[PDB]
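What follows is a short report on a single structure.
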Amino acid sequence: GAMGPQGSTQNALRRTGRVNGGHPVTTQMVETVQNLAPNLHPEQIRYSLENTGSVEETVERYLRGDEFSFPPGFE
């Protein structure tokens, strides 16, 4: 009869240390920080959200007055 055990070695790339260097963000994240941080530019928020990976972290660093740079192509 037919056959087909369909099972490959699911051993992906060796366990990394820290997956960082930009995170996927959405419009909802930008507006959230913006609403909670009206003193900030809406474009800088997107960049900070991608670096930090969360709105909350962006809001926490905002309230402490940390550095907020602009996203690539703005400068």
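So the number in PDB author numbering is just where the residue sits in the sequence shown, counting from 1, plus 40.
Beta carbons are placed, not taken as given, at the ideal position from N, Cα and C, and that holds for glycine.
message: Just to confirm, is the Cβ distance from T72 to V95 under 8 Å?
response: Yes; because the gap between Cβ atoms is below 8 Å, this pair is in contact.
field: Endpoints, the alpha helix (DSSP H) within which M43 is located
entry: That residue, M43, is in no alpha helix (DSSP H); it is neither H nor E in DSSP.
- request: Can you tell me which of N79, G61, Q46, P45 puts its alpha carbon nearest to the alpha carbon of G105?
  value: Considering only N79, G61, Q46, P45, the residue with the shortest C-alpha distance to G105 is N79.
task: Would you identify the three-state DSSP class for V95, choosing helix, strand or coil?
output: Note: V95 maps to helix in three-state DSSP.
- prompt: Comparing alpha-carbon positions, which option in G93, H81, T98 lies nearest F114?
  reply: Considering only alpha carbons, the answer is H81.
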